[PDB]
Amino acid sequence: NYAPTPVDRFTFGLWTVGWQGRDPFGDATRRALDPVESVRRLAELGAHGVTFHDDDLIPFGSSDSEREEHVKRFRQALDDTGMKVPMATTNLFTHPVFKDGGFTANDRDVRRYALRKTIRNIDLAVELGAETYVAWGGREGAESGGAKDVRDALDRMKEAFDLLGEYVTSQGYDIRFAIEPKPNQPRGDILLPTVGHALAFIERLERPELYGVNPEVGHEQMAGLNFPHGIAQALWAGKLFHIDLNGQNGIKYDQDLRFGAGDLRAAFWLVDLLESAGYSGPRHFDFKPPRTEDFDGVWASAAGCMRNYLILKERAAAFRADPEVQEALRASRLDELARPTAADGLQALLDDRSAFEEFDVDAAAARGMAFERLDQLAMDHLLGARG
């Protein structure tokens, strides 16, 4: 039961199942995986595709001949399995040169290098068929207040993204960008810390249509925010170009638990929203099998990501299709929420005594919302406990 299919579009970063287990306090617990083995094992589990940072696929500093051979082997694995590459990204965080940032490093020479490293990988992403190019600016930020003038840093961040937009336009590429917010870690505070900040920033770019967000479940939860609500705002803005699925237990370091772990009810409401809205992008997992696990546990954890999505999809669909739930939604006036407040227009609203002088506030206030009954129907559906 709960078998993944190609139409599910489940994807994984090479760095997810390939995470060797090094953490702030501990050495690697697993050997490095050849990307070819990850492609083949993920395909066997029913994944649709993989994603990569440049430096996951091509060791940093590789010669041109080494680069070609790494890509050739990877493409053979994709061809052997039918796996796709819908998204790629740049590693602008691991190498010590990026310790104060890539695009917003105080040192101008580093900012220029970061752009050149990204541009090289955009070309490769296009060659591999990627539709989306993610940017997670994990080093953009500060540990202290004097170190980073945020207005200047936003100027540099806009300059960088504008140059990348000029680049893809000039090459005729169809790829689009997706900015991934995170509030903190590894910097004390990261620039563009939430979906909202990233959405607002995009509106000030020269070609805003080329940029959206890549929100990650656990990152919004590191600020204690409601991930489904943030996804709704991204959808409302037309900017949900990609998504990273995982789990997180609240306000901690970025745990990258398998999807469904962490906040299970938020996972349910997320799946309900994505499916109801018709989100058509990859269901991408940015997760880490815990370092306690051997390779069998790596593949179990990856399989669990997909399984949990599919269980939640079934339960959310059953919730929305249940005539008792539909009745409860009407009892709670969800239908009215979807209707304009004043399609009659401002003057009619100003002239409407039913909106002011003749509005019976106490009668209105007496009406219960019936939200608890609705939420218990939702709980019963999630748990398969209807009756």
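Note that residue numbering begins at 1 and tracks the sequence as displayed.
Exercise. On average, which has the higher Cα B-factor in the deposited entry, 179-187 or 124-132?
Worked result: Mean C-alpha B-factor is greater for 124-132.
Exercise. Out of 60-68 and 45-53, which stretch has the higher average CA B-factor listed in the record?
Worked result: The deposited B-factors put 60-68 ahead on the C-alpha mean.
For this session: Specify which of 218, 224, 260, 82 carries the largest Cα B factor in the deposited PDB entry.
Result: The listed residue with the largest C-alpha B-factor is 82.
Exercise. Quick one: which of 228, 247, 172, 290 has the biggest Cα B-factor according to the entry?
Worked result: Highest C-alpha B-factor among the listed residues goes to 172.
For this session: Place residue 73 in the lowest, middle or highest third of its chain's C-alpha B-factors, as listed in the PDB entry.
Result: Highest third, going by the recorded CA B-factors of the chain.
Exercise. How does residue 14 rank on Cα B-factor within its chain, lowest, middle or highest third?
Worked result: Middle third - that is where residue 14 ends up once the chain's C-alpha B-factors are sorted.
Exercise. Should residue 233 be placed in the lowest, middle or highest third of its chain by the C-alpha B factor in the entry?
Worked result: CA B-factor rank for residue 233: lowest third.
Exercise. If you rank the chain by CA B-factor, which third does residue 88 end up in: lowest, middle or highest?
Worked result: According to the entry, residue 88 has a C-alpha B-factor in the chain's middle third.
For this session: Determine, from the deposited record, the chain-internal third of the Cα B-factor for residue 100: lowest, middle or highest.
Result: Lowest third - that is where residue 100 ends up once the chain's C-alpha B-factors are sorted.
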